[PDB]
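Student: Mind looking over this structure? Questions follow.
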Amino acid sequence: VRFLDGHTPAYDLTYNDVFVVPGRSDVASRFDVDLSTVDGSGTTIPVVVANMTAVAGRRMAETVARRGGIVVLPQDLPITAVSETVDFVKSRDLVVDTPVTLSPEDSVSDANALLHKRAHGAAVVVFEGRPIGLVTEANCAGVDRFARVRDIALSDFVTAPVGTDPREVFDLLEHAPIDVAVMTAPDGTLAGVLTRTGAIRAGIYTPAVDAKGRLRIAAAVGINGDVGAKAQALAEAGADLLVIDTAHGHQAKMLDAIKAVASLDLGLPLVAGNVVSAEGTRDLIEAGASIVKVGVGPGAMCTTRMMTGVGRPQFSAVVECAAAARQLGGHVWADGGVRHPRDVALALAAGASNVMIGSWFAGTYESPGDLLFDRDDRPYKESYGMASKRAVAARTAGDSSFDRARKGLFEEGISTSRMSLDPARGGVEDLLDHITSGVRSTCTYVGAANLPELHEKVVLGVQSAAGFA
Amino acid sequence: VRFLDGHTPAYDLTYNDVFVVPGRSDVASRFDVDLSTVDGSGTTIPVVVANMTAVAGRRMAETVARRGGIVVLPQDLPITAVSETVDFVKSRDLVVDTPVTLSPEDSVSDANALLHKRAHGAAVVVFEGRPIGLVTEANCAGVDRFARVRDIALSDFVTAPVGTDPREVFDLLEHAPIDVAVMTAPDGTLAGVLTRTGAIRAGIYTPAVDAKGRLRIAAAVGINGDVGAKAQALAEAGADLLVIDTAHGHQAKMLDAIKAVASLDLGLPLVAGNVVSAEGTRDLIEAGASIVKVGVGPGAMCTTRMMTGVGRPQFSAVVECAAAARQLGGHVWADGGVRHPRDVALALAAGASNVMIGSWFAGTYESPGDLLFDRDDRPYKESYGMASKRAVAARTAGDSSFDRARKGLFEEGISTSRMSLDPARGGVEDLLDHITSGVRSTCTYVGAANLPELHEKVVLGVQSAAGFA
Amino acid sequence: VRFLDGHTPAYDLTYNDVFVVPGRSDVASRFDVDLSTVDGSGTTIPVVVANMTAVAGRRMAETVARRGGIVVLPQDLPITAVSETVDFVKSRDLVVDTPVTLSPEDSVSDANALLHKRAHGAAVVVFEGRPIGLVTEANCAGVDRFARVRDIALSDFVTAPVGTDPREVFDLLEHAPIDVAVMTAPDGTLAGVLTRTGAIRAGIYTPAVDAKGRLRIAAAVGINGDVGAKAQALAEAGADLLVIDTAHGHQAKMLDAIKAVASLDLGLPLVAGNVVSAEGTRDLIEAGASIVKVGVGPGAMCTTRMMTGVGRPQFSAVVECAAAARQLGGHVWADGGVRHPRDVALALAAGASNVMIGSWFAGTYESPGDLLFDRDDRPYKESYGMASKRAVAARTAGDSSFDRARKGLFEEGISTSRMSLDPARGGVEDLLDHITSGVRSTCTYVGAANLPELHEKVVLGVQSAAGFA
Amino acid sequence: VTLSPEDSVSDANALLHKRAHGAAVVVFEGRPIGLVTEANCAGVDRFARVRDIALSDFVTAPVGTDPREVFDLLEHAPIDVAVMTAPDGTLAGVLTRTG
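Chains as they are written, first to last, in the entry's author numbering: chain C, 2 to 470; chain D, 2 to 470; chain B, 2 to 470; chain F, 101 to 199.
Okay, here's the thing in C-alpha cells:
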C-alpha cells in the first residue's frame with residue numbers, strides 16, 4: 002500500500018488513524034464499479050456473514066446468498082441440521098424470495114409471530130398450494146386473540162407468472178396498496194414473492210451461485226476431535242467453503258488440523274484463523290490453508306484486550322497479513338469489529354479480499370434470534386441470548402460435572418449485548434445496500450472499477466487524535 | 002508557510018493541531034487592518050456564503066453584499082428566478098437596508114410573520130409609497146387575531162432625507178424609543194431604513210460593488226447537461242462570478258465542464274472544486290479554472306468520512322492546495338466546516354484568499370428558511386428541511402419512477418440538523434462582526450495590515466492532543 | 002523486552018499504550034501454565050496483597066496464603082497483634098477454610114453480622130466442639146430480633162472426615178441444598194468446611210507454604226525510629242518477608258534503614274520502595290535490598306500527580322527498573338494501580354516478578370472493613386473509612402497538640418472512596434480466579450509455560466490514542 | 101383446561117389464565133399426560149409444541165371419591181390440582197383443596 006510523504010508513524014494504525022486521499026477518477030457513477038471478489042469464494046460482494054449462532058441463520062443464509070454474499074454455518078450444529086439447511090438453501094429461486102406461508106385454521110398469534118420473521122411485511126395464506134390472501138400489519142388489532150387466520154384474510158394480492166422480467170413487476174406494483182407481488186407457478190402453485198425494492202435489488206445485485214446454479218453456502222468445523230471426519234461430512238453435505246476457526250490460529254493444533262483437512266483433497270477453498278502476524282499467515286498458508294483469517298482482539302477496550310494484553314490494531318494487522326499472503330498467492334479476510342461502511346472500505350483498501358460482519362447483522366429480521374420489544378416497544382434481539390445454551394450443548398462432550406465445573410471456573414461469561422433494531426434498516430438487505438453504497442462511493446472517489454484496482458491505486462494518509470475533540 | 006523549529010509531524014494537521022505564535026507588531030488597533038481580498042472576487046471581507054438552498058437567500062445575498070461579502074446562488078434555481086434575484090439585488094442602496102413593508106388592510110398574522118424576516122425589528126406601513134408607521138414587537142398581543150394592520154400602528158418614527166451622513170443619523174437615534182430611522186426620498190417616497198448599529202457598520206464596512214456601482218452576486222451551475230448554455234444564461238443574467246461545484250472535483254467530467262465553460266470566454270472569474278490534493282488543484286487550474294475550491298470530508302466523524310474512508314484534514318489540504326495554486330497564479334477557497342472565527346483565521350493564514358461559510362449562516366433571520374419555535378419557544382430554523390424537495394425538483398430530470406428509485410436506493414438521506422437561533426446574534430451581521438473581529442485580532446497579534454502580509458509573516462506551531470483533556 | 006520494528010516512541014508508555022502481539026504457541030490449555038514466581042517470595046501466583054489497613058486483614062491473609070499468594074501486614078500494628086495474626090494464620094489447614102462459628106444462646110443479629118464476614122454463606126453452630134447446624138440467608142427474616150441462635154438452626158449439613166480427597170467431596174455436594182461441606186476431626190471436633198468451588202480451587206491452586214508446611218505471611222515496617230528493633234521483633238514473630246515502604250524510596254533515610262536492617266542478617270528477603278528510576282533501583286539493591294518496589298504516582302490524574310508534578314507512567318518505569326535490577330540479580334514488584342487483569346499481564350510481561358494489588362481487594366468479604374449497604378442496598382465497604390484513625394494512632398508519636406497541628410496543616414486529607422461489592426465476585430477468590438485466568442490466557446497467547454518464558458518471548462507493540470475515540 | 105399435543109405454547113399460555121385452577125391438563129386419546137403450569141413458558145422457545153415442557157407428576161384419584169380423602173391426598177402435593185379420571189381411564193375433571 003502507498004502512504005503520503007512523511008507519514009511514517011511509530012505505532013500501529015486503527016481505522017480511526019487513516020483516511021483515503023481522493024485521486025483522479027473517470028468512473029461516471031457508483032453503478033460502473035464491479036464488486037466481485039477474486040479470492041475464490043464466489044461472492045459478488047465483499048460481505049461475508051460470521052459463523053455465530055445468533056447471526057448465521059437459514060433465512061439469513063438464503064438472503065445473503067441471493068444478494069451476492071455467503072454465510073458460514075456454526076460448527077456446533079449437527080450434521081443432519083446442516084444437511085437440511087443446505088438442501089433448503091440450494092432449493093431456492095435466484096430472483097424471488099421465499100415468503101411466510103400460513104395454513105388455514107392456524108392461530109392468529111402464530112400468524113402475528115410469523116409476520117415479523119421477514120422484511121416483506123405480508124404473510125401469504127396458502128391452501129392446496131394456492132395463495133388465498135396476505136395477512137399484513139394491524140390485522141390482529143381488536144380481532145379475537147383466538148382467530149383462525151381465515152377470518153381477516155385480504156384476497157387483494159397482485160399476481161404475475163414466475164419468470165416475468167422484474168422491470169414490469171415494478172410497474173405492476175406502482176399503485177398497489179401492498180408492496181408484495183405474489184408470483185405463482187404455471188400450474189398455479191406458489192413459488193415466491195417480489196417487491197419494488199426486491200426487483201431493484203434483483204436488477205442491481207448478482208446472486209452468488211455454484212456450478213449447479215444454486216445459492217452458495219459455507220460451514221465451519223471446530224479444532225477438537227477428528228477434523229477430517231467433520232470436513233468430509235460437510236463436503237458430502239454440499240458445503241462450498243470450509244472455515245476452521247479458533248481464538249488463536251497460530252498454534253500447533255490448528256496447523257495439525259489444517260494438515261489433516263488438506264490431506265483429504267476435497268477441492269474446496271479452506272479458511273483458517275485467526276492471526277495478526279505475517280509469520281502466522283505464512284505458517285497457516287504453508288500448512289495448506291488457501292484463505293487466512295485476520296483479527297485477534299482488534300478493539301482497544303474489548304473484552305479480549307481487557308482480560309489480557311493480547312491484541313493488535315485491525316488496520317496494520319490486515320495490511321501486514323495481506324502483504325505476507327499475496328506473495329504466497331493466498332488471500333486474507335478481515336474479521337474485526339465492523340459497524341460502519343468505512344471499516345469495510347478501509348479493509349478492502351488494505352488488501353483484504355473479503356470483510357466478514359459479525360454482531361452487526363444480528364439486529365435484523367433474518368437473524369435466527371426471536372424478535373422481542375423493550376419497555377418503550379423498541380424492536381431488538383438478544384445477542385448471545387440463546388447461543389450460550391447451544392455452546393454448552395456441544396461443550397459438555399460427555400465430561401463429568403467435575404470436569405465441566407473445572408473448565409467453567411476459568412471461563413468468563415459473555416454478556417448478552419442488546420442490539421436495537423433499526424426502523425429504517427430492519428432488513429439485512431438495507432444494511433447490505435448501505436455497505437455497498439459506501440464501498441461504491443469509496444471506489445468512485447479513488448477512481449477504480451474493481452476491488453483489485455482499488456487496492457492498487459489507493460493512497461492513504463495518517464491523522465492525529467486531536468481531530469476527535 | 003513557516004513552522005517552528007522541530008515541528009515536523011508525521012501526520013496531516015487539522016485546526017485543533019495548530020496555533021499562531023505572536024510576533025512583533027506595530028498595528029495600533031483592529032481598525033488599522035485592511036481585509037480586502039486579491040483573488041478577483043471583489044469582496045472586501047474574506048467571508049463567502051455557500052451555495053446551499055437553506056442559506057443562499059435573496060435577503061442574505063443583499064445583506065452580505067452590502068457588508069462586503071458575496072453569495073453564490075444554488076444551481077437548481079430556474080433562470081427566471083435567478084434573473085429576478087439579480088435584478089432585485091442590483092437595485093438596492095449601498096447604505097440603507099430594505100425594510101419590511103406592510104400595506105394597509107393586511108392580516109395582522111401576516112404582519113407578525115413578516116416582522117421576524119429581518120433583524121430591524123420594525124416593519125414599516127406604506128401607503129401610496131409614504132411611510133405611515135412601524136409595527137413592532139408585542140403589538141399583536143391581546144389584539145384581535147383578525148386585525149387589519151392599520152389599527153395598532155405607531156406613527157412615531159424618526160425621518161431623515163436619503164443621503165444624510167450616518168454620523169448625524171446616529172445622533173438622531175440617541176433618544177428615540179425605536180432604533181429604526183426611516184429615510185424617505187426627496188419626493189417623500191420610501192427608500193430604506195437605518196439604525197445605530199447599521200450606521201456604524203456602514204461607516205466601518207465597505208460594500209462590494211461591481212463596475213456599475215451595484216451590489217455583487219454569484220451563481221452556481223451543475224456538472225450535468227450543457228454547462229456552456231447555463232453559464233451563458235447566468236452571465237447574461239448579470240452574475241459576477243460562476244462556481245462549478247461537485248462532491249469530487251478531481252474527475253474527468255469536471256475537467257470537461259471547465260474546458261467547455263472557459264471556451265466561451267465570458268471574462269468572469271471561475272471557481273471549481275472540490276479537491277484536497279496539489280495534483281487536483283493543478284489539473285483544475287490547467288483546465289481553465291481561476292479559483293480552486295478546497296475541502297472534501299474535512300471532519301473526522303462527518304457523514305462522508307463515516308460512509309467512506311475518503312477525506313483529508315482541512316488545514317494540510319488547504320496549505321498544499323494554496324502552495325500548488327500560487328505558483329500557477331491561482332487562488333484557493335476554504336470550503337470546510339466553519340463554526341468559529343479561529344477556523345477562518347487559520348484558513349487565511351494557511352494561504353486561502355477566501356473562506357466560505359455553510360450551515361453556520363443558516364441560523365439567521367436573513368436565511369431563506371422560515372422561523373419556527375421549539376417546545377421551549379427556542380428560535381430555530383430547520384436546515385435541509387425543504388432543500389430536499391427542491392433538490393429532487395431538478396433531480397427527477399424527467400426520468401421514470403424505476404430510474405428514480407434505482408438512483409435513490411444507493412442515495413443516503415441527509416438528516417434535518419436543527420440549528421438554534423442565537424438570541425444575541427440573531428442577524429447575520431452580528432456573525433459577520435464576530436468573524437471580522439476575530440480576523441482583525443489575529444492580524445493585530447501577527448502584526449500585519451492586510452491578508453497577504455498576514456500569510457507572509459504568519460508563524461505556526463504544533464500542539465498535541467493531551468491539551469484537550 | 003522486544004518491541005515491533007519502528008515502534009520507538011518519544012515518550013513514556015502506560016498500560017493503554019501497549020499491546021501483546023500473538024506468537025507461535027504450543028500450549029494446549031490454560032492449565033498447562035505454571036505461575037510460580039522465582040523472586041524468593043514463595044508465592045505460586047504473582048498476586049500480592051498491599052499493606053493497607055483496609056485490605057490487609059487476617060481472613061484475607063489466610064485466604065490469599067491458601068490460594069498461593071501473600072499478604073503484607075500494616076506497619077502501624079502493634080507487635081502483639083502481629084504475633085497473634087501470625088499464630089492464627091500458621092495454625093490453619095492447607096485445604097479446608099475456617100468457617101464462621103456461632104455459639105448457642107448468642108444474639109441473632111450477631112449471627113446475621115457474622116454471616117457476611119466470609120463467602121461461604123453459611124455459619125456453623127458449634128457446641129462442645131461439635132457442629133450442630135448451619136445458619137444461612139433469610140433465616141433471620143420474620144424471626145424475632147432477639148432470637149438466641151438455637152431457634153432457627155438447620156441440622157441438615159453434609160459431613161465428611163478430614164483428609165478426604167476433594168474429588169469425592171465434590172460428588173457428595175452434587176445434590177446438597179447447601180453448598181457447604183462441614184468436615185470434622187476423627188474425634189468429632191470441628192476442623193473446617195469445604196465447597197464445590199473450594200474443592201476445585203484446592204485441586205487447581207497450590208498453597209504457598211514455608212519450610213514448616215504452614216501458610217506464609219509478610220509484615221511491613223516504617224522508616225521512622227529504630228528500624229532494626231522492629232525488624233528483629235517481626236522476624237522473631239514468624240514473619241516470612243519484610244517490606245520497608247515509603248512515599249519516596251530514593252532517599253538517604255531509606256538507604257540508612259536498608260543498611261540497618263540488612264546488618265542484622267535475618268536471612269529473610271527484603272523489599273524496599275518505591276522508585277521509578279534505574280538509579281534508584283541500583284541504589285536500593287546496593288544498600289542491601291533484594292526486592293525493589295516500583296511505582297510512584299502512576300496515574301496521570303491521581304492525587305499525587307495533581308498535588309505535584311512528580312510521577313511516571315507505570316509501564317516504562319517497571320521496564321527500566323526490571324532491566325536495571327536483573328543485571329544486579331534483584332527483582333522488582335509492580336506497585337501501581339491495578340484494576341484489570343490486563344495490568345497484571347503487562348506488568349509480568351515487562352519483567353516484574355510480582356504484582357501487588359491495593360484498593361481493588363478492599364471490595365471483598367475477606368477485607369477487614371465492615372460491610373454496609375447503600376440507599377439501594379448496594380453492598381459496599383468504605384475504603385480508608387477507619388484507616389485514618391489507625392494512621393493517627395501511631396502518627397501522634399507522643400508529640401504535643403501544637404506539633405500535631407503543625408504537621409497536619411500541610412497534610413492533605415485522603416477521601417473515603419466508596420467501592421461497591423461485585424455481586425458475582427463478592428469473594429476475593431473470584432477476583433483471584435479472574436486474574437489468574439487472564440494471566441493464563443496471556444501466557445497461552447504468547448506461548449509460554451512459565452513467567453520467565455513469558456518475559457523471554459513476549460513481543461510488544463505501540464498504539465496511538467486515536468483508538469480510544 | 102385441556103391441551104392437545106402439538107399445539108402452540110402461546111395458545112397454552114393463553115388458555116392457562118382462562119380458569120382459576122392454574123394448571124392445564126394435557127390430554128391424548130382421552131388420557132391425561134401432564135399439567136402445564138405457570139413459568140413453564142419462560143425462556144422456552146416461543147414456538148414450542150406443548151409436549152416439550154409437560155410435567156407428568158399429577159395426583160390421580162377415581163371419580164366419585166369422597167373429597168375428604170382427596171383433600172388429604174393433596175396435603176403434600178406440589179401442585180394443588182387433583183386430576184380424576186373415569187373408571188375406563190378417560191378424563192372427567194379436576195379437584196383442589198379449596199374446591
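The beta carbon of each residue, even a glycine, is placed where N, CA and C say it ideally should be.
Residues bridged to C:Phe20 by DSSP?
Tutor: As a working note, residue 20 of chain C is residue 19 in the first sequence. DSSP lists C:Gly462 as partners of C:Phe20.
Student: Determine the chain C residues that contact F:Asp152 at a beta-carbon separation under 9 Å, and present them in chain order.
Tutor: For the purposes of this step, residue 152 of chain F is taken as residue 52 along the fourth sequence, with counting starting at 1. Residues of chain C passing the Cβ test: none, with the nearest at roughly 14 Å.
Student: Does any C-beta atom of chain C lie closer than 9 Å to the C-beta of D:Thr86?
Tutor: Locating residue 86 of chain D in the second sequence gives position 85, where the first residue counts as 1. Cβ-Cβ to chain C under 9 Å: no for D:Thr86.
Student: Which partner residues of D:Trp361 appear in the DSSP bridge assignment?
Tutor: Residue 361 of chain D sits at position 360 when you count from the first residue of the second sequence. Partner(s): none; D:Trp361 has no beta bridge.
Student: Reducing DSSP to helix, strand and coil, say where C:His332 ends up.
Tutor: As a working note, residue 332 of chain C is residue 331 in the first sequence. Three-state DSSP puts C:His332 in a strand.
Student: Which partner residues of D:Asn355 appear in the DSSP bridge assignment?
Tutor: Indexing the second sequence from 1 puts residue 355 of chain D at position 354. D:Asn355 pairs with D:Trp334.
Student: Could you give the first and the last residue of the continuous alpha helix (DSSP H) run that contains C:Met387?
Tutor: If you number the first sequence from 1, residue 387 of chain C lands on position 386. Per DSSP, C:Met387 belongs to no alpha helix (DSSP H) and is neither H nor E.
Student: Taking 9 Å as the threshold (beta carbon to beta carbon), is B:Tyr366 in contact with chain C?
Tutor: Taking the third sequence and counting its residues from 1, one reaches residue 366 of chain B at position 365. False, the Cβ-Cβ gap to chain C never drops below 9 Å.
Student: Against chain B, does C:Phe4 count as a neighbour if the rule is that its beta carbon must be under 9 Å from one of theirs?
Tutor: The count along the first sequence starts at 1 and reaches residue 4 of chain C at position 3. No - not a single Cβ of chain B is within 9 Å of the one on C:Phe4.
Student: Checking contacts by CB at 9 Å: is D:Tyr385 closer than that to chain C?
Tutor: As a position in the second sequence, residue 385 of chain D is number 384, starting the count at 1. Chain C, which has no Cβ nearer than 9 Å to the Cβ of D:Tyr385, makes this no.
Student: Counting only C-beta atoms, is C:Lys254 closer than 9 Å to chain B at any point?
Tutor: Here residue 254 of chain C corresponds to residue number 253 of the first sequence, with the count starting at 1. It does; some Cβ of chain B falls within 9 Å.
Student: Under DSSP, the beta strand (DSSP E) around B:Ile245 begins and ends at which residues?
Tutor: Here residue 245 of chain B refers to the residue found at position 244 of the third sequence. That run of the beta strand (DSSP E) goes 243-245.
Student: With three or more C-beta pairs closer than 8 Å as the rule, is the stretch 3-17 of chain C touching the stretch 299-319 of chain C?
Tutor: Contact between the stretch 299-319 of chain C and the stretch 3-17 of chain C is present, because at least three Cβ pairs lie under 8 Å.
Student: For a quick check, are the C-beta atoms of C:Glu129 and C:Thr99 less than 9 Å apart?
Tutor: Residue numbering aside, residue 129 of chain C sits at position 128 when the first sequence is read from its first letter. Residue numbering aside, residue 99 of chain C sits at position 98 when the first sequence is read from its first letter. Not in contact: C:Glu129 and C:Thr99 (Cβ atoms no closer than 9 Å).
Student: Along the stretch 109-139 of chain F, where does the CB come closer than 7 Å to a CB of chain C? Name the residues.
Tutor: Listed by position along the chain: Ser110, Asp111, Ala114.
Student: Go ahead and pull the three-state DSSP assignment for D:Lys294.
Tutor: Your numbering for residue 294 of chain D matches position 293 in the second sequence. It is a strand residue.
Student: Give me the subset of the stretch 455-470 of chain D whose CB atoms are less than 9 Å from a CB atom of chain B, sorted by chain position.
Tutor: Here the close residues are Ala466, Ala467, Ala470.
Student: Could you work out which residues of chain C lie near B:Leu347, taking near to mean beta carbons separated by less than 8 Å?
Tutor: For the purposes of this step, residue 347 of chain B is identified with residue 346 of the third sequence, where counting begins at 1. The answer, in chain order, is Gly310.
Student: Answer with buried or exposed for B:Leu174, where buried requires no fewer than 16 other C-beta atoms within 10 angstroms of its C-beta.
Tutor: Reading the third sequence from its first residue, position 173 is the one you call residue 174 of chain B. That one is buried.
Student: Have a look at the DSSP bridge pairing and note the partners of D:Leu373.
Tutor: On the second sequence, position 372 is the one that residue 373 of chain D refers to. Partner(s): D:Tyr381.
Student: If we cut at 9 Å on Cβ distances, does C:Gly70 have a partner in chain B?
Tutor: As a working mapping, residue 70 of chain C is identified with position 69 in the first sequence. Taking Cβ atoms only, chain B never reaches closer than 9 Å to C:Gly70, which makes this a no.
Student: For the ligand NAD, I want to know if C:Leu95 counts as a neighbour, meaning its beta carbon is within less than 8 Å of at least one of the ligand's heavy atoms.
Tutor: Among the ligands in the structure shown, none appear at all, so the ligand NAD cannot be discussed.
Student: Report buried or exposed for D:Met184, applying the criterion of at least 16 other Cβ atoms within 10 angstroms of its Cβ.
Tutor: Your numbering for residue 184 of chain D matches position 183 in the second sequence. Buried.
Student: Which term fits residue 525 of chain D, buried or exposed, when burial requires 16 or more other beta carbons within 10 angstroms of its beta carbon?
Tutor: Past the boundaries of the shown model lies residue 525 of chain D; chain D is included only from 2 to 470, so the question cannot be answered.
Student: On a CA-only basis, which of D:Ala220, D:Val276, D:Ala236, D:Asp284 is nearest D:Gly58? Give me that one, please.
Tutor: For the purposes of this step, residue 58 of chain D is identified with residue 57 of the second sequence, where counting begins at 1. Nearest option by C-alpha distance: D:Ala220.
Student: Across which residues does DSSP place D:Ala221 in a beta bridge pair?
Tutor: Residue 221 of chain D sits at position 220 when you count from the first residue of the second sequence. Answer is D:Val244, bridged to D:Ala221.
Student: Roughly how many angstroms lie between the CA atoms of C:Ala288 and C:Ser354, to the nearest whole one?
Tutor: As a first step, residue 288 of chain C must be located in the first sequence, where it is residue number 287. As a first step, residue 354 of chain C must be located in the first sequence, where it is residue number 353. Taking the straight line joining both Cα atoms gives about 20 Å.
Student: Assuming D:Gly250 and C:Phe20 are in contact, meaning their beta carbons sit under 8 Å apart, how far apart are those beta carbons, in whole angstroms?
Tutor: Along the second sequence, one-based indexing puts residue 250 of chain D at 249. Along the first sequence, one-based indexing puts residue 20 of chain C at 19. No, D:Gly250 and C:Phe20 are not in contact; Cβ-Cβ is about 17 Å, not under 8 Å.
Student: From the DSSP output, which residues share a beta bridge with D:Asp35?
Tutor: Position 34 of the second sequence, counting from 1, holds the residue named residue 35 of chain D. D:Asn451.
Student: Can you find at least 3 beta carbon pairs, one from the stretch 21-30 of chain C and one from the stretch 280-297 of chain D, that sit closer than 8 Å?
Tutor: With the cut-off at 8 Å, the stretch 21-30 of chain C and the stretch 280-297 of chain D touch.
Student: Leaving out five residues on either side along the sequence, give the residues of the same chain with a beta carbon under 6 Å from the beta carbon of B:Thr54.
Tutor: Looking up residue 54 of chain B in the third sequence gives position 53. Excluding sequence neighbours, B:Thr54 sits near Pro75, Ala388, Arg391.
Student: Using a Cβ-Cβ cut-off of 9 Å, state whether B:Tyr446 counts as contacting chain C.
Tutor: Along the third sequence, one-based indexing puts residue 446 of chain B at 445. Taking Cβ atoms only, chain C reaches closer than 9 Å to B:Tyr446, which makes this a yes.
Student: Find the nearest neighbour of D:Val181 within the set D:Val136, D:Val276, D:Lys91, judged by alpha-carbon distance.
Tutor: Working through the second sequence from its first residue, we reach residue 181 of chain D at position 180. Closest by alpha carbon: D:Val136.
Student: Below 9 Å between beta carbons is the criterion; list the residues of the stretch 173-187 of chain B that meet it against any residue of chain C, in chain order.
Tutor: Under the 9 Å Cβ criterion, the stretch 173-187 of chain B contributes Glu175.
Student: Does any residue of chain B bring its CB to less than 9 Å from the CB of C:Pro314?
Tutor: Walking along the first sequence from the start, residue 314 of chain C turns up at place 313. Closer than 9 Å: yes.
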